[PDB]
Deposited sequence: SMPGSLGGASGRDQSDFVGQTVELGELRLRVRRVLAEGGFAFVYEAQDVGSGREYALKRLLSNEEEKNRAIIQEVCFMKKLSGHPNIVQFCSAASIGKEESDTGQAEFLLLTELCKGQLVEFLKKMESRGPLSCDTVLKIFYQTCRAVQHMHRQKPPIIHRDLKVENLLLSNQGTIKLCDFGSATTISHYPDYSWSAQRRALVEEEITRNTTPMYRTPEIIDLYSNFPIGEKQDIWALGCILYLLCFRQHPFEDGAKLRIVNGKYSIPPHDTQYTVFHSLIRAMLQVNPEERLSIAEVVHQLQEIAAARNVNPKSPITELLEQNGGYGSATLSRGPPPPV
């Protein structure tokens, strides 16, 4: 019964309008600034263990560190409610972000009655996704997502892709001598599955033998789904290729995916 309440994240005071997603440890709600009228996403995570406290704070720290990027959900603020104050009796963490328009897959579902996605549309979706992941792998040390899938991509109000869900992400702490791989290449394998899925509307786990539509993406799919992680492309190898594909097709791949706006 969290819907209906009013909450305060510092300067901000705001009202809980409805549920957007339920799940395991967490729930997501639509929320409105009661003074300013501006709307927000609000994630509420429950903890009854110090272990969970650590995982939740880590997720908040990652969200904060990665904010500012056009393909990562914008962090607004965070807060906590102690076991003593909460309606659950557990500690509660509250994460405030910009509110996207909804889930990418819901918009694709609307359009898949209308035929396969054009290459330009695949290109925009996938580039914007890869640019979010590039922002993570460029951190020092790099941040590995570890849970990339097409279901946790959002579509912004501007019609762009927004990556969220940093609950599985990891990195190295107390980084002062190296650039060993530390997991980047698992994220790339996952991205290759997404490009495959967007083209052929099936999970890969073979590219169809006579496809003349998405042929432009075939070499990049195979190179991301390389079994040997050393052979497998880096995110910079992928993005560079996506940029040249876009230029050849006269597409600005950062632009709104207007077709998905209907």
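- Unmodelled regions of the deposited chain sequence (numbering from residue 1, in sequence order): 1-15, 192-223, 253-265, 323-340.
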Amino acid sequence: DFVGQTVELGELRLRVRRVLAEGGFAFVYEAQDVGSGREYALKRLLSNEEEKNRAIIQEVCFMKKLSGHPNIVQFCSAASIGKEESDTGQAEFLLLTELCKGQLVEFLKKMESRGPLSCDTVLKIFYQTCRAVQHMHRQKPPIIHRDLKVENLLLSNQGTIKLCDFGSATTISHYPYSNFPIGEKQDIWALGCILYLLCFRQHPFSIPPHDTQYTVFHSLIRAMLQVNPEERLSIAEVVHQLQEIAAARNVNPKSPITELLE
From here on, numbers count along this sequence of modelled residues.
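We call the rigid core whatever largest set of C-alpha positions still superposes within 1.5 Å between the two forms.
- Farther on average from this form in 6 other deposited structures of this protein lies stretch 18-26, the comparison being between 18-26 and 246-254 by RMS Cα distance after core superposition.
- Once the rigid core is used to overlay the structures in 6 other deposited structures of this protein, the stretch among 193-201 and 208-216 whose CA atoms lie farther from this form is 208-216.
- Between 29-37 and 212-220, it is 29-37 that carries the larger average Cα temperature factor according to the deposited entry.
- Of the two segments, 105-113 and 184-192, the one listed with the higher mean B-factor is 105-113 (C-alpha atoms only).
- Taking the deposited Cα B-factors for 240, 254, 18, 249, the highest one is held by 18.
- Among the modelled residues of its chain, residue 142 has a C-alpha B-factor that falls in the lowest third, as given in the PDB entry.
- Sort the chain's modelled residues by C-alpha temperature factor and residue 67 lands in the middle third, per the entry.
- Among the modelled residues of its chain, residue 126 has a C-alpha B-factor that falls in the lowest third, as given in the PDB entry.
- Residue 228: CA B factor lies in the lowest third for its chain, per the PDB record.
- Among all modelled residues in this chain, the alpha-carbon of residue 48 has a temperature factor (C-alpha) in the highest third.
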